[PDB]
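Quick notes on the structure that follows.
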Amino acid sequence: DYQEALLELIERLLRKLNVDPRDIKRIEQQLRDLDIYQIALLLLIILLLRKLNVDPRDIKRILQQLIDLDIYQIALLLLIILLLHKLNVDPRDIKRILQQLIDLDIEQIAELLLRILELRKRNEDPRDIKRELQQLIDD
């Protein structure tokens with residue numbers, strides 16, 4: 001069962017992040033209702049936040065918000081935060097940006113990702129890409 005295997009990796013990561021076991025149980029229960037694409041993408045986002053040294057309680061809170069999104073939203077968010085890390089955006093800023101993106105609808109997120117990619121292709125400076133993304137989010 002590939003879903004169960006992926007769920008066990010998530011449970012292991014949450015334990016290594018000192019997430020309260022009571023919260024792990026409630027999270028695991030919610031994850032068991034998602035499809036395998038959502039579960040795998042959520043695993044990746046956890047791995048990325050862990051790589052950025054995001055505080056465990058913040059990872060837990062962010063995960064709980066992401067569990068309510070569909071595969072398309074979760075995937076596009078992963079790509080955005082991967083690009084922001086590549087551009088050396090401070091993890092504290094990536095965290096705050098991710099919290100804002102979660103409330104946006106899928107069309108806006110897809111448009112933002114395209115915009116970031118367009119600007120990268122145009123050789124725009126990392127700080128300019130961050131500032132423009134932050135401005136488009138506030139809009």
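Identifiers in the structure tokens: chain A, B, ... in order shown; residue index from 1 per chain; ligand index from 1 in order shown.
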Got a sec: who's within 10 Å of region 22-29 of chain A, counting only C-alpha atoms, leaving out chain neighbours fewer than 3 positions off, as a list in words?
residues 7, 8, 10, 11, 12, 14, 15, 18, 19, 32, 33, 34, 60, 63, 64 and 67 of chain A
Selection from above, N, CA, C and O atoms, as an mmCIF file, in the first residue's frame, can you write it?
```
data_model
loop_
_atom_site.group_PDB
_atom_site.id
_atom_site.type_symbol
_atom_site.label_atom_id
_atom_site.label_comp_id
_atom_site.auth_asym_id
_atom_site.auth_seq_id
_atom_site.Cartn_x
_atom_site.Cartn_y
_atom_site.Cartn_z
ATOM 1 N N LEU A 7 2.380 7.652 4.398
ATOM 2 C CA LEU A 7 1.891 8.129 5.692
ATOM 3 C C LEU A 7 2.871 7.806 6.812
ATOM 4 O O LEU A 7 3.034 8.595 7.753
ATOM 5 N N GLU A 8 3.534 6.654 6.735
ATOM 6 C CA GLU A 8 4.505 6.298 7.762
ATOM 7 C C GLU A 8 5.722 7.211 7.714
ATOM 8 O O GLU A 8 6.292 7.543 8.759
ATOM 9 N N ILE A 10 5.599 10.364 6.829
ATOM 10 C CA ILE A 10 5.144 11.611 7.437
ATOM 11 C C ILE A 10 5.115 11.484 8.957
ATOM 12 O O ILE A 10 5.613 12.353 9.684
ATOM 13 N N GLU A 11 4.551 10.391 9.462
ATOM 14 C CA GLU A 11 4.511 10.178 10.904
ATOM 15 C C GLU A 11 5.918 10.182 11.492
ATOM 16 O O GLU A 11 6.165 10.790 12.548
ATOM 17 N N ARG A 12 6.857 9.515 10.820
ATOM 18 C CA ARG A 12 8.238 9.520 11.295
ATOM 19 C C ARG A 12 8.807 10.932 11.340
ATOM 20 O O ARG A 12 9.494 11.303 12.303
ATOM 21 N N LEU A 14 7.204 13.838 11.583
ATOM 22 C CA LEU A 14 6.579 14.609 12.656
ATOM 23 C C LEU A 14 7.158 14.241 14.014
ATOM 24 O O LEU A 14 7.366 15.118 14.870
ATOM 25 N N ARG A 15 7.431 12.952 14.244
ATOM 26 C CA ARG A 15 8.048 12.560 15.512
ATOM 27 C C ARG A 15 9.453 13.134 15.645
ATOM 28 O O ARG A 15 9.849 13.582 16.736
ATOM 29 N N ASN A 18 9.571 16.623 16.957
ATOM 30 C CA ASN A 18 9.051 16.827 18.296
ATOM 31 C C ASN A 18 7.616 17.333 18.278
ATOM 32 O O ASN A 18 7.172 18.016 19.202
ATOM 33 N N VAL A 19 6.851 16.959 17.251
ATOM 34 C CA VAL A 19 5.428 17.258 17.255
ATOM 35 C C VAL A 19 4.749 16.414 18.323
ATOM 36 O O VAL A 19 5.060 15.224 18.498
ATOM 37 N N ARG A 32 -5.247 10.384 6.315
ATOM 38 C CA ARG A 32 -5.782 9.138 5.773
ATOM 39 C C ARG A 32 -6.978 9.361 4.863
ATOM 40 O O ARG A 32 -7.368 8.435 4.137
ATOM 41 N N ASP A 33 -7.571 10.551 4.879
ATOM 42 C CA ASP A 33 -8.705 10.846 4.009
ATOM 43 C C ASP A 33 -8.287 11.526 2.711
ATOM 44 O O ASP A 33 -9.131 11.719 1.828
ATOM 45 N N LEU A 34 -7.018 11.893 2.576
ATOM 46 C CA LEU A 34 -6.510 12.516 1.367
ATOM 47 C C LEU A 34 -6.096 11.441 0.364
ATOM 48 O O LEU A 34 -5.990 10.259 0.693
ATOM 49 N N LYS A 60 4.030 22.411 12.213
ATOM 50 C CA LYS A 60 2.775 21.753 12.557
ATOM 51 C C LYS A 60 1.584 22.614 12.167
ATOM 52 O O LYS A 60 0.630 22.132 11.540
ATOM 53 N N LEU A 63 1.257 22.752 8.367
ATOM 54 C CA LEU A 63 0.733 21.498 7.831
ATOM 55 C C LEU A 63 -0.776 21.411 8.008
ATOM 56 O O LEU A 63 -1.500 20.984 7.097
ATOM 57 N N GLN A 64 -1.274 21.803 9.178
ATOM 58 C CA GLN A 64 -2.711 21.721 9.424
ATOM 59 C C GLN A 64 -3.493 22.592 8.450
ATOM 60 O O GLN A 64 -4.594 22.215 8.036
ATOM 61 N N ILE A 67 -3.467 20.772 4.882
ATOM 62 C CA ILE A 67 -4.248 19.544 4.754
ATOM 63 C C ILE A 67 -5.602 19.806 4.116
ATOM 64 O O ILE A 67 -6.193 18.895 3.523
#
```
Counting only C-alpha atoms, the residue among A:81, A:117, A:69, A:31 that lies closest to residue 47 (chain A) is A:81
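One finds CA of residue 41 (chain A) at 7.6 Å from CA of residue 71 (chain A).
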Expected answer as a VMD selection string: alpha helix (DSSP H) residues in chain A
chain A and resid 2 to 16 21 to 31 36 to 51 56 to 66 71 to 86 91 to 101 106 to 121 126 to 138
Residues near residue 3 (chain A), anyone? I mean within 9 Å using only C-alpha atoms, not counting same-chain ones fewer than 5 positions away, as a ChimeraX atom specification.
/A:8,32,35-37,39-40
Selection from above, C-alpha atoms, as a PDB file, in the first residue's frame, can you write it?
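This is the output file out26.pdb:
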```pdb
ATOM      1  CA  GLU A   8       4.505   6.298   7.762  1.00  0.00           C
ATOM      2  CA  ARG A  32      -5.782   9.138   5.773  1.00  0.00           C
ATOM      3  CA  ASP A  35      -5.330  10.956  -1.885  1.00  0.00           C
ATOM      4  CA  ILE A  36      -1.780   9.760  -2.456  1.00  0.00           C
ATOM      5  CA  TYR A  37      -0.838  12.837  -4.513  1.00  0.00           C
ATOM      6  CA  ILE A  39       0.041  12.978   0.855  1.00  0.00           C
ATOM      7  CA  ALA A  40       3.262  12.869  -1.155  1.00  0.00           C
TER       8      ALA A  40
END
```
So, counting only C-alpha atoms, which residue among A:137, A:59, A:43, A:129 is closest to residue 85 (chain A)?
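Smallest distance to residue 85 (chain A) is found for A:129.
Using only C-alpha atoms, the shortest contact distance between residue 53 (chain A) and any of A:90, A:102, A:109, A:123 is found at A:90.
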Residue 82 (chain A) environment, 12 Å, only C-alpha atoms, sequence neighbours closer than 4 positions dropped, as a list in words:
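Near neighbours after the sequence-gap exclusion: residues 44, 45, 47, 48, 49, 51, 52, 75, 76, 77, 78, 86, 87, 88, 89, 91, 94, 95, 98, 113, 116 and 117 of chain A.
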Find, counting only C-alpha atoms, the residue in A:136, A:120, A:126, A:73 that gets nearest to residue 107 (chain A).
A:73
